[PDB]
Amino acid sequence: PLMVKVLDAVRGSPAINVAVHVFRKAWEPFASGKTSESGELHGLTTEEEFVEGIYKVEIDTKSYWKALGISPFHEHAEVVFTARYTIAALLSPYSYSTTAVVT
Amino acid sequence: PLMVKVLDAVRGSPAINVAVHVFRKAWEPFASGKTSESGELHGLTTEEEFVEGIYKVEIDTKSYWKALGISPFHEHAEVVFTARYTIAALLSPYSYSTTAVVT
Amino acid sequence: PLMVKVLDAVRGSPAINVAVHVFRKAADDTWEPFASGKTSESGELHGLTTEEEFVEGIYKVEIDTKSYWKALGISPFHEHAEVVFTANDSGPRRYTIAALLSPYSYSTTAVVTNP
Amino acid sequence: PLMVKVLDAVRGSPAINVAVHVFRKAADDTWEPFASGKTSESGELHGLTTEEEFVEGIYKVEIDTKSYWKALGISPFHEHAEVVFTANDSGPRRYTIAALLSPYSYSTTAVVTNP
Ligand SMILES: O=C(O)c1ccccc1Nc1ccccc1
Ligand SMILES: O=C(O)c1ccccc1Nc1ccccc1
Ligand SMILES: [Ca+2]
Ligand SMILES: [Ca+2]
Ligand SMILES: [Ca+2]
Ligand SMILES: [Ca+2]
């Protein structure tokens, strides 16, 4: 029901091994994981657990850029939303964009 | 070797049935098709045909928004690039962003 | 030292009268209110802070996208933006935070200048 | 009537001294040169055209991202942006075309005002 994908706009590649945390407004931690070699993170939650509510997806972009040797602006990339969801984040050192696609 | 994906940032959905044309700088038409129900367009070209060069991917966003009843700003969304490539476009009535991911 | 600019990708306009709240991370890792305001007719919010108030730390800029969309009769997926960054760590800088809004997406960038 | 603004998402700065070419679609469906210039220290390009020269039609704004990246020692995937739109069809408007640049991506939006 929820998938996160992270792309790197500087190197033109998936953003691999990026930590992603999901919170639900009571911020109860709700789910988390690290992106795969495809930049995707599957298996966050289950239908039973993902109820309507306000969620935040916080992507640890700072650790990502720091491991590449690039100084980043933001602490994170994110989307706070009211609730299949795909959340995608496109990363640059001084910018991000985040979208949701609900199918 | 080349895939195009188109997303709609207003309705939060894949952009379905969108015409996509690819050109190669001699603009020789090179490939084209329409996005599927997933917003994706597979099968554009072949390894043998997709040689290094300058390519333009032009997405007919105007026809897309007009069929939805929304007045759009642009004639198209696009990326002109020097050359697996995935080109993704995120559409709004007055904006687009386009990225490439090369894996 | 801190300017916020907000654009509307649905209407092709500045995002006018959008509420913007800035917070600073406190010692106890809570967010303490720092400064707030509304965008002007040009989409810009000037005068949030001063050089004397703008210390180093972790700042959060929250843009109230929900109210903006709702008031325009648009469905926001987006509750609010939360733009979070370390400021002034290596000395005073000027920051412009820009945000481009759509109902299911936003883009944000920073312009950092050394004054 | 036509302004272009360009930002750099790699460096967190305006994109300065970027070449911008504007073309207008001719009757034979070729692109005819219309106006061109370079961005300033603020990333802005003012003075492209005048109200008397800016007629209705299909315009293409090409931003030379390749040269900008190369000169900064960055690999551009991006050869150039091609931002294409119908202007002035229902009467004269003022347009701001903004572009946010990264090596493998760009975002663009329009601000349209009725003067
Ligand atoms: O959504 C995807 O599957 C995707 C695949 C390749 C490149 C970008 C992608 N997403 C997207 C593109 C532009 C802005 C924000 C997100
Ligand atoms: O339009 C501006 O004046 C502006 C100023 C500073 C930073 C970004 C800007 N616009 C913009 C923001 C995100 C995506 C595309 C365009
Ligand atoms: Ca409900
Ligand atoms: Ca070669
Ligand atoms: Ca310090
Ligand atoms: Ca007309």
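Residue numbering in chain B adheres to Swiss-Prot, whereby the residues present occupy positions 31-56, 61-117, 124-143 in order.
Method on record in the header is X-ray crystallography, 1.2 Å.
Note that Cβ sites are derived from N, Cα and C of the backbone, with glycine treated the same way.
If you check Swiss-Prot, you get these features:
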BINDING   B:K35, B:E74, B:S137  L-thyroxine binding site
MOD_RES   B:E62  4-carboxyglutamate
MOD_RES   B:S72  phosphoserine
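This view paints the features noted in Swiss-Prot onto the structure.
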residue: B:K35; record: L-thyroxine binding site; Cβ contacts under 8 Å, 6 or more apart: B:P44, B:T69, B:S72, B:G73, B:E74, B:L75, B:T126, B:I127, B:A128, B:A129
residue: B:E62; record: 4-carboxyglutamate; Cβ contacts under 8 Å, 6 or more apart: B:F53, B:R54, B:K55, B:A56
residue: B:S137; record: L-thyroxine binding site; Cβ contacts under 8 Å, 6 or more apart: B:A129, B:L130
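The chain break between B:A117 and B:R124 spans 6 missing residues, with the CA atoms of the two ends lying 10 Å apart.
Between B:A56 and B:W61, the deposited structure omits 4 residues, and the straight-line distance between their CA atoms comes to 6 Å.
According to DSSP, B:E74 (L-thyroxine binding site) is assigned to a strand segment.
Site extent for L-thyroxine: the farthest pair of Cα atoms among B:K35, B:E74, B:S137 sits 16 Å apart.
For ligand 5, none of the recorded positions lies close by, meaning a CB under 6 A from one of its atoms; the full candidate list was B:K35, B:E62, B:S72, B:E74, B:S137. Each of the recorded positions B:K35, B:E62, B:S72, B:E74, B:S137 was checked for a CB under 8 angstroms from a CB of chain D; the ones meeting this are B:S137. Of B:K35, B:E62, B:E74, B:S137, listed as recorded positions, those near chain A by the criterion of a Cβ under 8 Å from one of its Cβ atoms are B:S137. A distance below 8 A between C-beta atoms marks B:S137 as the recorded positions from B:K35, B:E62, B:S72, B:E74, B:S137 lying next to chain C. Highest Cβ count within 10 Å among the recorded positions B:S72, B:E74: B:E74. According to DSSP, B:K35 (L-thyroxine binding site) is assigned to a strand segment.
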